[PDB]
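Going down the list, the protein sequences come from chains A and B. So for the first sequence, the deposited numbering puts the first residue at 1; every next one is plus one. So for the second sequence, the deposited numbering puts the first residue at 1; every next one is plus one. Backbone N, C-alpha and C define an ideal beta-carbon position, used for all residues, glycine too. First up is the structure itself, then whatever we jot down about it.
Protein chains: 2
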Amino acid sequence: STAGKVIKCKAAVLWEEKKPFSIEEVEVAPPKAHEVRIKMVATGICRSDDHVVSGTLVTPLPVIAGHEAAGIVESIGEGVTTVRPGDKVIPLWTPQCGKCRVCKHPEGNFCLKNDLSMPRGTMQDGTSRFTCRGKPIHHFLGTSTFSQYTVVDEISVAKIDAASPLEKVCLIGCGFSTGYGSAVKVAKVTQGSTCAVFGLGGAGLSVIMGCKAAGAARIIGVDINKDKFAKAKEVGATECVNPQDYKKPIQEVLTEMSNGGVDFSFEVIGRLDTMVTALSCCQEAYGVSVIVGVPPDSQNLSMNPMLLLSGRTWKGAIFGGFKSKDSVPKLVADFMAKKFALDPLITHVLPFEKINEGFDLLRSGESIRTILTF
Amino acid sequence: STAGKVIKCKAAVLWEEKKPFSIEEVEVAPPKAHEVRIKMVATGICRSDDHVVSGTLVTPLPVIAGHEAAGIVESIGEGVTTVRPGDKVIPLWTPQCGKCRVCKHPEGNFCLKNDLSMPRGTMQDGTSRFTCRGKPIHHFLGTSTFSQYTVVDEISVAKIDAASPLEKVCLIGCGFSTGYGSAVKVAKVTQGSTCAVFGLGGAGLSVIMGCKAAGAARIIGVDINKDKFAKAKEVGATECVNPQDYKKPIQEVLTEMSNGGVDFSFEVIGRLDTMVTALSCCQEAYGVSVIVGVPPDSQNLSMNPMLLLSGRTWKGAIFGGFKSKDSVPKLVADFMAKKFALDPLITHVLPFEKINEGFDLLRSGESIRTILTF
Ligand SMILES: NC(=O)c1ccc[n+]([C@@H]2O[C@H](COP(=O)([O-])OP(=O)(O)OC[C@H]3O[C@@H](n4cnc5c(N)ncnc54)[C@H](O)[C@@H]3O)[C@@H](O)[C@H]2O)c1
Ligand SMILES: NC(=O)c1ccc[n+]([C@@H]2O[C@H](COP(=O)([O-])OP(=O)(O)OC[C@H]3O[C@@H](n4cnc5c(N)ncnc54)[C@H](O)[C@@H]3O)[C@@H](O)[C@H]2O)c1
Ligand SMILES: [Zn+2]
Ligand SMILES: [Zn+2]
Ligand SMILES: [Zn+2]
Ligand SMILES: [Zn+2]
């Protein structure tokens, strides 16, 4: 039995930025009260994990990254009431403590117990459960899924369907739910509308999936990598444009295509310039632009306030506006019910050990989602 | 009489930027097809009229500014069906052609026939109806109310209650409807919410009126001129704070005051810094910030997109989001039904002749609204 004892296993540790992960042994302390130790089954490679490697998303190093995954509860600590050993679960990188101001608000989902705004790289109690080479290692967004085992606080774990295919539903841990929720929940795309989606990767395809579900008459995919267009069309994009093909700025191009601006635009890249462009391309009087992309650490964008004064609405969101713990199981349920598909997002599958190759696949632009199996 | 003939009358002409208005005689051509010549009865001095003088709001000079007003139709042109001579009317600086995508949109109001985005300073047909000393003078937002008589396009005029007190209802032409709608229509202030209003002048006090009407439990007024606090509280503010009384940034103070950020914030000054501050002080996960102020010409603001990514909604709005020709008559009716008050905004009432004195009362910080009677 491992319940109550330290577990040695392998994890992909990031020691320095812009360096390959180090698959080596780590010691995982047993779960304290209201914490859960999960045996990871599958984890997806989201761009945000690479953001950590690149310094785009700053969080304390050395760290065990990963935040989009699914596994099986190994053991629970004292007082845990929502999961039991043997349960299939999805780690919530955006917690749902249910007690804070945001959690009790009918709309807000960015729990104040989150570790995304001011990254500490610890458990809710300010400590770590990871030791490598005798050195304490940092957690990432309280999940740290790039490990055969991880310990998370109770508020950062959701029990899902016992019959859920973990190699697929892991995407509901981030990529899918983010893009999908951004369209249907945050921007609230309407029937007959024209949408523009900047960035046709895992999250952007999910946004297209969200707009299609919402009944958008037009969904224009925007990406500088034309190789991304086929997949986009496949999931709902009615047309795709590459900014590099035009002699004029894309927001102008898009404004002409939509005869005056789109109803809903989405920034799913993570650049300051595309954020402004996405805003500029939605109709000046009633257009809505939603930021999904993670910006470079601490950098400020420059924009003219008249873009807003005319009537535009600009907002951003975390995890697609989904109250994590309530939503994740409902989303897995719907997937089981064939309400939406995850297959189109999965382009590569690799064993955990091949984690480094997976990030090269992302970086080459060859992939959308590579799922890592433990 | 005057009908179908050229009328000679007094108007306040701004020949150059940063100059007092020149009260002289001008010639008002008769209305053309679908135009209306209106005899002005009362016009409110709005801060935007001063923006023109200061160059903050660029529009072709020389010109007859003025947009917040009420008058009586003197004669209508061939094809006018909405108003008739003797009708009490209110000119609309944001028209409602009723045929463009925006007017047809359930939530759009910034009509595509507007002259604010790219000021021409002409009638819808590209020409002027004003002549002064043999020289053609520009129109302002298609209204030009600083004249005893003016000619506006039918789409820029609304018929109002015949028993309307024109010297009060003229505020419905701008300041009041703007602030009121911003709060109840655009921001959509919820019952029991905490609001923060930056700028306590005529538009700001109206934002407060709307917030209170919307049920806001807490309404914090913010202004660097403490003299503005008495009236703000009179109209609804629960507390007022002067930024310069604090050693630390006001968004900090407001965040501490609202225990994490306010629900709704409003920028009603016209500064890039207070626009970012306003957004920053509303709760990060579900706060809504509305820009009401007109920023200085051609300047960009700088902000960190994380403010939005966390969940904040940032909007802006022209004329309080009200479809002009539809709402103005409705608002007047409600005023007549004692649904809201206009007297709190009226601090000075001067003759048209004293136009410059009123601008001086505004500039000095002494007035909220000065109504000029012709
Ligand atoms: N808010 C959240 O909760 C949240 C969640 C998931 C992902 N994200 C962020 O969204 C972004 C994308 O995630 P992904 O996994 O879908 O990424 P990805 O790398 O798979 O996709 C980014 C895409 O944008 C394209 N692109 C790059 N520069 C472009 C440009 N200048 N113009 C047009 N297209 C351009 C790339 O070719 C690529 O197809 C990342 O920044 C990620 O951190 C945010
Ligand atoms: N969007 C629209 O349709 C619309 C309509 C009407 C007015 N406006 C704009 O709203 C703004 C305000 O108009 P108003 O008529 O109420 O004018 P106003 O000048 O009477 O009110 C401005 C107030 O803000 C205060 N202020 C200035 N700097 C400040 C600072 N740094 N911090 C805090 N407070 C400060 C002033 O003391 C004053 O009370 C202007 O830019 C005006 O052009 C926009
Ligand atoms: Zn992610
Ligand atoms: Zn919470
Ligand atoms: Zn119109
Ligand atoms: Zn005004």
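Please check the pair residue i and residue j, which I expect to be a contact at CB under 8 angstroms, by giving their CB distance rounded to whole angstroms.
{"i": "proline 295 of chain B", "j": "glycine 270 of chain B", "result": "6 angstroms"}
{"i": "residue 382 of chain B", "j": "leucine 331 of chain A", "result": "With chain B covering 1 to 374 only, the question about residue 382 of chain B has no answer from this structure."}
{"i": "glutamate 74 of chain A", "j": "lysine 39 of chain A", "result": "5 angstroms"}
{"i": "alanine 214 of chain A", "j": "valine 241 of chain A", "result": "Wrong, their Cβ atoms sit about 21 angstroms apart, outside the cutoff."}
{"i": "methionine 209 of chain A", "j": "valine 235 of chain A", "result": "5 angstroms"}
{"i": "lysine 10 of chain A", "j": "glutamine 148 of chain A", "result": "6 angstroms"}
{"i": "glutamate 267 of chain A", "j": "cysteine 174 of chain A", "result": "Going by Cβ atoms, the distance from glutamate 267 of chain A to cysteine 174 of chain A rounds to 17 angstroms, so no, they are not a contact pair."}
{"i": "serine 182 of chain B", "j": "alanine 317 of chain B", "result": "6 angstroms"}
{"i": "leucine 345 of chain A", "j": "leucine 171 of chain A", "result": "6 angstroms"}
{"i": "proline 62 of chain B", "j": "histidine 138 of chain B", "result": "6 angstroms"}
{"i": "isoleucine 155 of chain B", "j": "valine 169 of chain B", "result": "No, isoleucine 155 of chain B and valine 169 of chain B are not in contact; Cβ-Cβ is about 20 angstroms, not under 8 angstroms."}
{"i": "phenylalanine 374 of chain A", "j": "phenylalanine 352 of chain A", "result": "5 angstroms"}
{"i": "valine 157 of chain B", "j": "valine 89 of chain B", "result": "5 angstroms"}
{"i": "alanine 203 of chain B", "j": "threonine 238 of chain B", "result": "Not really, about 19 angstroms apart at Cβ, beyond 8 angstroms."}
{"i": "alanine 65 of chain B", "j": "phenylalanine 130 of chain B", "result": "Contact doesn't hold; Cβ gap of about 12 angstroms is too wide."}
{"i": "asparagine 109 of chain B", "j": "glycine 321 of chain B", "result": "6 angstroms"}
{"i": "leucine 254 of chain A", "j": "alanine 216 of chain A", "result": "Wrong, their Cβ atoms sit about 14 angstroms apart, outside the cutoff."}
{"i": "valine 41 of chain B", "j": "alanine 70 of chain B", "result": "6 angstroms"}
When DSSP builds the beta bridges, which residues end up paired with residue i?
{"i": "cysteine 111 of chain A", "result": "Answer is none; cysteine 111 of chain A lacks a bridge partner."}
{"i": "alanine 11 of chain B", "result": "B:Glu24 and B:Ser147"}
{"i": "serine 280 of chain B", "result": "None; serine 280 of chain B has no bridge partner."}
{"i": "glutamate 267 of chain B", "result": "B:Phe198 and B:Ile291"}
{"i": "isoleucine 224 of chain B", "result": "Its beta-bridge partners do not exist; DSSP assigns none."}
{"i": "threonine 131 of chain B", "result": "B:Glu27 and B:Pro136"}
{"i": "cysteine 211 of chain B", "result": "Answer by DSSP bridge pairing: none, since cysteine 211 of chain B is not bridged."}
{"i": "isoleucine 76 of chain B", "result": "B:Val36"}
{"i": "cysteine 240 of chain B", "result": "B:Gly221"}
{"i": "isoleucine 368 of chain A", "result": "Looking at the DSSP assignment, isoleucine 368 of chain A forms no beta bridge with any residue, so it has no partner."}
{"i": "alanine 42 of chain B", "result": "B:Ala70 and B:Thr373"}
{"i": "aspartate 153 of chain A", "result": "A:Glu35"}
{"i": "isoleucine 172 of chain B", "result": "Looking at the DSSP assignment, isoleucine 172 of chain B forms no beta bridge with any residue, so it has no partner."}
{"i": "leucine 350 of chain A", "result": "A:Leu372"}
{"i": "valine 63 of chain A", "result": "A:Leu14 and A:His138"}
{"i": "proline 91 of chain A", "result": "A:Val157"}
{"i": "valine 262 of chain B", "result": "B:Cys282"}
At what residues does the beta strand (DSSP E) containing residue i begin and finish?
{"i": "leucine 301 of chain A", "result": "301 to 303"}
{"i": "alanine 158 of chain B", "result": "157 to 159"}
{"i": "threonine 82 of chain A", "result": "Element bounds for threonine 82 of chain A: n/a, residue is neither H nor E."}
{"i": "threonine 313 of chain B", "result": "313 to 316"}
Can you tell me where the alpha helix (DSSP H) with residue i in it begins and where it stops?
{"i": "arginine 101 of chain B", "result": "101 to 104"}
{"i": "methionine 257 of chain B", "result": "250 to 257"}
{"i": "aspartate 49 of chain B", "result": "47 to 54"}
{"i": "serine 327 of chain B", "result": "324 to 336"}
{"i": "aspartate 360 of chain A", "result": "355 to 363"}
{"i": "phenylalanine 229 of chain A", "result": "229 to 235"}
{"i": "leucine 308 of chain B", "result": "306 to 309"}
### Task
Taking 7 angstroms as the limit, tell me which residues put their C-beta closer than that to any heavy atom of ligand 5, in chain order.
In chain order, the residues with a C-beta atom nearer than 7 angstroms to some heavy atom of ligand 5 are B:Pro95, B:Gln96, B:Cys97, B:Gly98, B:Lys99, B:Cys100, B:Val102, B:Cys103, B:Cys111, B:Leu112 and B:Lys113.
### Task
Closer than 8 angstroms, Cβ to Cβ, to anything on chain B: give me those residues from the region 238 to 267 of chain A, in chain order.
Residues passing the 8 angstroms Cβ filter: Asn259 and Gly260.
### Query
Got a sec: which bits of the region 297 to 325 of chain B sit with their beta carbon under 9 angstroms from any beta carbon on chain A, in order along the chain?
Residues passing the 9 angstroms Cβ filter: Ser298, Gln299, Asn300, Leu301, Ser302, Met303, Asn304, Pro305, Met306, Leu307, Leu308, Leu309, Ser310, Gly311, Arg312, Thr313, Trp314, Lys315, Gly316, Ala317, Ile318 and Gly321.
### Task
Could you please go through the chain and list the residues whose beta-carbon is closer than 5 angstroms to any non-hydrogen atom of ligand 6?
Qualifying residues, in the order they occur: B:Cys46, B:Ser48 and B:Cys174.
### Task
Taking only beta carbons into account, state which residues of the region 225 to 237 of chain B come closer than 9 angstroms to chain A, listed in chain order.
Cβ contacts with chain A come from no residue of the region 225 to 237 of chain B.
### Query
For the region 115 to 133 of chain A, which residues have a beta carbon sitting closer than 9 angstroms to at least one beta carbon of chain B?
Listed by position along the chain: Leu116 and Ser117.
### Message
Taking beta-carbon pairs under 9 angstroms, can you tell me which members of the region 174 to 188 of chain A lie near chain B?
### Response
Result list: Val186.
### Task
Scan the region 91 to 104 of chain A for residues whose Cβ lies nearer than 7 angstroms to a Cβ of chain B and list them as they occur along the chain.
In summary, the residues of the region 91 to 104 of chain A whose CB is separated from some CB of chain B by less than 7 angstroms are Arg101 and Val102, in the order they occur in the chain.
### Query
Relative to chain A, which residues along the region 39 to 67 of chain B have a C-beta separation below 8 angstroms, given in chain order?
Near chain A, meaning a CB-to-CB distance below 8 angstroms, no residue of the region 39 to 67 of chain B qualifies.
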